[PDB]
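I have placed the structure first, in the form of structure tokens, so that the comments after it can refer back to it.
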Amino acid sequence: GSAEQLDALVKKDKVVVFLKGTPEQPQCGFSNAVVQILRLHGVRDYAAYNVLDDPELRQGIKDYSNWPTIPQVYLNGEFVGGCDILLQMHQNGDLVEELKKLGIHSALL
Amino acid sequence: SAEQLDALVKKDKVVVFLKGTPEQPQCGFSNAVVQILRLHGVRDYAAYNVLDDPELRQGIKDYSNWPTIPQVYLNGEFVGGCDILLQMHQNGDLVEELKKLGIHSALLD
Amino acid sequence: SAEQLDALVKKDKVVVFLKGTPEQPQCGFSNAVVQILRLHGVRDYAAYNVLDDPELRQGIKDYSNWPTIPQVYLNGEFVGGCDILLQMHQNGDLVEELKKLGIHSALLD
Amino acid sequence: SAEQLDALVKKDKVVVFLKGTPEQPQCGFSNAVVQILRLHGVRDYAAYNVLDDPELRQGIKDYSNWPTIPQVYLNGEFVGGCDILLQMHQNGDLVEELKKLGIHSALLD
Ligand SMILES: N[C@@H](CCC(=O)N[C@@H](CS)C(=O)NCC(=O)O)C(=O)O
Ligand SMILES: N[C@@H](CCC(=O)N[C@@H](CS)C(=O)NCC(=O)O)C(=O)O
Ligand SMILES: N[C@@H](CCC(=O)N[C@@H](CS)C(=O)NCC(=O)O)C(=O)O
Ligand SMILES: N[C@@H](CCC(=O)N[C@@H](CS)C(=O)NCC(=O)O)C(=O)O
Ligand code: FES
Ligand code: FES
Ligand SMILES: [Cl-]
Ligand SMILES: [Cl-]
Ligand SMILES: [Cl-]
Ligand SMILES: [Cl-]
């Protein structure tokens with residue numbers, strides 16, 4: 001929930017996502033689109049947090065990022081966007097480069 | 001099962017299937033139904049949280065022949081989702097349908 | 001007009017109302033309908049662009065009592081929007097429906 | 001073109017890219033931005049209809065690195081789409097950003 005607690009969370013790992021549901025079982029198409037894109041580039045090692053489990057987290061990640069919706073994508077402790085931005089980076093090669101920057105070899109390469 | 005859901009929707013005049021509960025909705029689409037019913041002062045309706053039950057979630061889509069959540073039922077009859085409910089709220093049809101079922105909308109006066 | 005619109009949906013076996021044209025649709029929701037029809041090889045259909053005329057945009061909603069665009073009609077009867085059509089595409093109902101109207105789905109071929 | 005669009009967005013204090021016009025929006029997401037601006041007393045501003053120009057439509061997505069329409073610009077700074085604009089409306093950041101540009105929101109009165 002907290003601002004200090006979320007700052008830790010996003011910096012904790014290279015690729016961090018906030019979803020409705022889980023990678024195994026997403027509860028929302030927008031959250032799912034993110035899970036599938038990560039699957040396509042072969043990113044198996046990322047942090048996923050379920051906002052349905054905690055209303056304080058649901059509300060807290062919005063306040064932290066200044067972003068009104070879920071899913072939220074962080075690369076390198078920095079906010080990237082939601083599923084629309086992510087699909088866009090998937091289609092124009094930008095995500096492959098962002099992944100390369102984190103030391104992550106994308107499967108589409 | 002179509003037979004169990006048949007019973008469920010005949011069991012109360014007003015029956016809704018949501019993501020979350022009326023006291024804690026988990027999706028703006030489901031919240032829109034909740035807030036519309038709150039505006040009309042429809043206090044006692046059965047509300048079923050599909051996030052708890054994967055089988056109810058699929059069962060209700062099969063029974064309704066409708067792909068998404070929320071789902072609204074009046075008098076055991078399928079009415080629609082949030083778009084239809086909002087349309088009914090804006091054109092007066094919801095006040096009428098509720099009145100024919102002996103429900104007095106708070107928007108009548 | 002209800003008059004003119006009733007004539008439009010009964011004129012052809014498959015009638016769609018879209019934002020845009022099948023050649024260049026102007027919206028993901030309308031495009032989703034177009035992409036489906038294409039996957040089934042449905043060549044002969046009437047498409048009408050609601051962007052062209054505000055009276056059409058409002059007209060088709062009041063005729064179908066359906067609040068959004070796209071709208072799909074088969075055999076003069078309202079079937080639904082893009083969500084309902086995807087559901088039928090996935091569960092095999094679209095194939096059978098087309099079979100009923102004497103129309104060969106490409107997925108059979 | 002990047003240089004051309006860069007000039008275009010910097011030319012006016014408020015710049016929006018919509019589907020349709022402020023008088024006749026062709027999409028709920030574009031309309032939300034128009035309605036939000038209207039509540040702040042911003043009635044006259046530069047509005048470009050992407051449905052009239054596929055080059056501008058794609059160009060603006062490339063320039064902003066933002067996948068969708070509407071897009072809102074303030075002194076040529078990208079602000080975002082309707083979800084962000086609505087958030088700025090609710091938390092008071094929109095009143096504050098407009099004020100810094102010498103526009104006095106009707107909400108401030
Ligand atoms: N265009 C968004 C789609 C995501 C979205 O609109 N999410 C909504 C519905 S799941 C949301 O998080 N609303 C607030 C909430 O439910 O907490 C994106 O690209 O990420
Ligand atoms: N336009 C719909 C909005 C509802 C909707 O698109 N629901 C989606 C997103 S919550 C859904 O039920 N997804 C399937 C699922 O979560 O099981 C309506 O009028 O009800
Ligand atoms: N869930 C809908 C999606 C279509 C939709 O929500 N259409 C909207 C946006 S294009 C609409 O027609 N809104 C009123 C309008 O634009 O006239 C479906 O299954 O067809
Ligand atoms: N979540 C978006 C909603 C706008 C949106 O999803 N726009 C879509 C549908 S109108 C779009 O511009 N799609 C590509 C296109 O039509 O050019 C926002 O916050 O602005
Ligand atoms: S859970 Fe309903 S749209 Fe995301
Ligand atoms: S035109 Fe914007 S969502 Fe259909
Ligand atoms: Cl029965
Ligand atoms: Cl909600
Ligand atoms: Cl009663
Ligand atoms: Cl509109």
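Convention: sequence-line order gives letters A, B, ...; per-chain numbering from 1. Worth knowing before you read on, the calculation uses all heavy atoms, side chains too, and leaves out hydrogens, waters and symmetry mates. Just so you know, ligand 1 is whichever comes first in the structure, and atom 1 is the first atom listed for that ligand.
Counting all heavy atoms, side chain and backbone alike, C:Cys27 lies closest to D:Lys19 at CA-NZ, 4.1 Å.
The backbone and the side chain of D:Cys82 each have at least one atom closer than 4.0 Å to an atom of ligand 4 (non-hydrogen atoms only).
Salt-bridge annotation for D:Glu96 and D:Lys99: absent, with no side-chain N of the basic residue lying under 4.0 Å from a carboxylate O of the acidic one.
Using a non-hydrogen distance threshold of 4.0 Å, D:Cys27 does not register as a contact of ligand 3.
The option from D:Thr68, D:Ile60, D:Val50 that lies nearest to atom 6 (O) of ligand 4, judged by heavy atoms, is D:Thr68. Scanning C:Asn31, D:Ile69, D:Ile84 for the heavy atom closest to atom 7 (N) of ligand 4 points to D:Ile69. Which of C:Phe29, B:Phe29, C:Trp66 comes nearest to atom 3 (C) of ligand 3 through a heavy atom is settled by distance: it is C:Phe29. When D:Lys61, C:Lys19, D:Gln71 are ranked by how near their heavy atoms come to atom 14 (C) of ligand 4, first place goes to D:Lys61.
Separation of atoms CG (C:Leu56) and CG (C:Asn49) is listed at 8.5 Å; rounding is to 0.5 Å.
Nearest to atom 1 (N) of ligand 4 among the protein's heavy atoms is D:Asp83 OD2, 3.3 Å.
Using a 30° and 60° split on the angle between ring planes, C:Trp66 and C:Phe78 fall in the tilted class, from 30° to 60°. Classified by interplanar angle (parallel below 30°, tilted 30° to 60°, perpendicular above 60°), the ring pair C:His89/C:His40 is perpendicular.
When each of B:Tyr63, B:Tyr45, B:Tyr48 is tested with B:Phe17 by the rule ring pair (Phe, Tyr, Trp, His ring centres under 6.0 Å), just one qualifies, namely B:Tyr48.
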So A:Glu98 and A:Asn76, side-chain hydrogen bond (donor to acceptor under 3.5 Å, both in side chains) or not? Walk me through it. CA-CA 9 Å; A:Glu98 287 316 316; A:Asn76 211 15; over 6 Å; no

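Between D:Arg57 and ligand 4, at least one N/O pair is under 3.5 Å apart.
If you number the atoms of ligand 3 from 1 as listed, the ones under 4.0 Å from a heavy atom of C:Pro70 come out as 4 (C), 20 (O).
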